[PDB]
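This report concerns only the one structure given below.
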Amino acid sequence: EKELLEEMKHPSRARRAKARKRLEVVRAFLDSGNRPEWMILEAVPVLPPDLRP
Amino acid sequence: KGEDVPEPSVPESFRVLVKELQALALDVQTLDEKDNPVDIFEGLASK
Amino acid sequence: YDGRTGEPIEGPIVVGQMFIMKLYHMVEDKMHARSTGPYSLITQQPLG
DNA sequence: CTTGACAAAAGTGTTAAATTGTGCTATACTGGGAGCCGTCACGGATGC
DNA sequence: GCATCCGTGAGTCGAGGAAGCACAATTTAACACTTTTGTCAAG
């Protein structure tokens, strides 16, 4: 986030536009408390049998 | 019995949706006014 | 003439012979009512 | 309330079928197969 | 700016519902027996 914020001062609009998009995702993980590595599955949930009868 | 119908409860379709969102690895939780979890499964799914 | 009063309709009417068909859509086959009955497997909602 | 025969009513224990799981074949074999094709809107993202 | 790509969207009820075999390992079935349970008449 600190690096992205520093790049938010770049004169180019594309650079700041890209930095904002990255930092919006970074901010979401920081605020919600989720971990980015949770986007990779180690255990797969299995639906209850009655919902897939 | 000649009585008025009771108050409804949570539909079974919403419970199916919650379990299907959990089957996608998404933690969907119903909370109360104080943000504490509220169990809509009657304790039948709490280990 | 009007069969209820016996008085004529106040204006001449177009009366003739026409070929009319009874179509396959009958209310006997379409009236349906349900209070309770079968329900679905997964959603438990009433069948259709 | 008991009190002793009784009889199924059931359970425990082996045994043998009947079913199920698993390993094994020695000439030489060495890179798949089916789409094929009449829509139009939009974002949004990238190739730069 | 710019094309080119992919992705998402496009009304509602109803009615139509091709190995084969060998053998070992496991399970199921059929006895056998004993051990409850349920009745009985009493007493």
Side-chain angles (χ1 to χ4, degrees), chain A, chain B, chain C residues 2-5 9-11 13-14 18-48:
Chain A
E1 180 181 12
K2 290 174 70 175
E3 299 173 8
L4 287 189
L5 282 180
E6 272 281 353
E7 184 177 359
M8 207 81 201
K9 289 132 53 184
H10 203 257
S12 174
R13 294 180 188 172
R15 286 284 289 269
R16 291 185 291 107
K18 184 177 179 180
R20 195 195 75 250
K21 292 181 176 64
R22 296 198 59 194
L23 186 61
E24 284 183 346
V25 180
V26 176
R27 290 278 183 83
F29 274 105
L30 274 175
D31 299 356
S32 69
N34 299 333
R35 296 298 301 155
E37 65 266 21
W38 296 353
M39 289 187 286
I40 297 89
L41 302 173
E42 288 200 337
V44 186
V46 177
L47 194 72
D50 272 10
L51 311 192
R52 48 176 173 78
Chain B
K1 290 183 187 293
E3 296 172 351
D4 207 11
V5 305
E7 292 304 355
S9 188
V10 57
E12 202 67 8
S13 295
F14 181 67
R15 290 198 186 122
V16 166
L17 167 81
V18 168
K19 281 316 175 183
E20 291 166 351
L21 283 173
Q22 289 192 354
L24 280 158
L26 299 179
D27 191 14
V28 174
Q29 182 62 253
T30 59
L31 313 175
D32 64 344
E33 185 68 12
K34 303 294 185 289
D35 289 345
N36 302 125
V38 172
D39 188 61
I40 62 173
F41 295 98
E42 304 329 327
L44 298 181
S46 57
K47 286 210 300 190
Chain C
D2 191 4
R4 294 188 297 269
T5 52
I9 313 294
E10 299 180 358
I13 300 290
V14 167
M18 191 164 73
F19 182 80
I20 297 183
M21 304 174 289
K22 179 193 186 184
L23 299 195
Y24 178 76
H25 302 287
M26 298 176 189
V27 67
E28 182 175 359
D29 296 316
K30 309 203 169 192
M31 178 187 109
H32 175 54
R34 165 213 171 114
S35 34
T36 48
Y39 298 101
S40 182
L41 289 173
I42 304 184
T43 45
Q44 283 299 323
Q45 288 168 7
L47 297 175

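Chain naming here is simple, since letters A, B, ... match the order of the sequence lines and numbering starts at 1 in each.
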Quiz item: Between CD of B:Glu20 and CD1 of C:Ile42, what distance do you get to the nearest 0.5 Å?
Solution: 7.5 Å
Quiz item: Has A:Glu3 got more than 12 heavy atoms of other residues, nucleotides or ligands less than 6.0 Å from its CD?
Solution: no
Quiz item: At their closest point, which heavy atom of B:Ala23 faces which heavy atom of A:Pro45, and how far apart are they?
Solution: CA-CB, 4.1 Å
Exercise. With sequence neighbours left out, write down each residue that passes salt bridge (charged side-chain N to carboxylate O under 4.0 Å, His left out) with C:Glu10, or none if nothing qualifies.
Key: none
Quiz item: OG of A:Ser12 to NZ of A:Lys18: how many Å apart, nearest 0.5 Å?
Solution: 11.5 Å
Quiz item: What closest approach, in Å, do B:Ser13 and C:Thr43 show between heavy atoms, and which atom pair accounts for it?
Solution: OG-O, 4.0 Å
Can you give me every donor-acceptor pair (side chain of residues 28-38 of chain A, partner residue at least two apart or in another chain, under 3.5 Å) with its distance?
{"from": "A:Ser32", "atom 1": "OG", "to": "A:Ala28", "atom 2": "O", "distance (Å)": "2.9"}
{"from": "A:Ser32", "atom 1": "OG", "to": "A:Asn34", "atom 2": "N", "distance (Å)": "3.3"}
{"from": "A:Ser32", "atom 1": "OG", "to": "A:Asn34", "atom 2": "ND2", "distance (Å)": "3.3"}
{"from": "A:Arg35", "atom 1": "NE", "to": "A:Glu37", "atom 2": "OE2", "distance (Å)": "3.4"}

Side-chain donor-acceptor pairs under 3.5 Å in residues 24-33 of chain C, sequence neighbours left out?
{"from": "C:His25", "atom 1": "ND1", "to": "C:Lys30", "atom 2": "NZ", "distance (Å)": "3.2"}

Quiz prompt | Full working for side chain to side chain contact (heavy atoms under 4.5 Å, CB included) between A:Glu1 and A:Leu23 | solution = CA-CA 6 Å; A:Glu1 180 181 12; A:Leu23 186 61; 3.3 Å; yes
Exercise. Identify the heavy atoms of A:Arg27 and A:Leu5 that sit nearest to each other, and give their distance.
Key: NH2-CD2, 3.7 Å
Self-check item: C:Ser40 (side chain) donor-acceptor with C:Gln45 (main chain) under 3.5 angstrom
Solution: no
Exercise. Could you pull out all residues at least two apart from A:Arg22 that satisfy side chain to side chain donor-acceptor pair (under 3.5 Å)?
Key: none
Self-check item: Enclosure of C:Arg34 CZ (heavy-atom neighbours >12, cutoff 6.0 Å)
Solution: yes
Exercise. Please name the pair of heavy atoms, one in B:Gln29 and one in B:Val38, separated by the smallest distance, quoted to 0.1 Å.
Key: OE1-O, 3.6 Å
Quiz item: Can you name the salt bridge (charged side-chain N to carboxylate O under 4.0 Å, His left out) partners of A:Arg20, sequence neighbours left out?
Solution: A:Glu24
Practice problem: Any chance you could measure B:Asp27, atom CG, to B:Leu21, atom CG, to the nearest 0.5 Å? | Solution: 10.5 Å
Quiz item: Can you name the closest pair of heavy atoms from B:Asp35 and B:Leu31 and give their distance?
Solution: O-CD2, 3.8 Å
Self-check item: Residue pairs involving residues 40-53 of chain A (criterion side-chain hydrogen bond (donor to acceptor under 3.5 Å, both in side chains); sequence neighbours excluded)
Solution: none
Quiz item: Once you round to the nearest 0.5 Å, how far does CD of B:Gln22 lie from CG of B:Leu17?
Solution: 10.0 Å
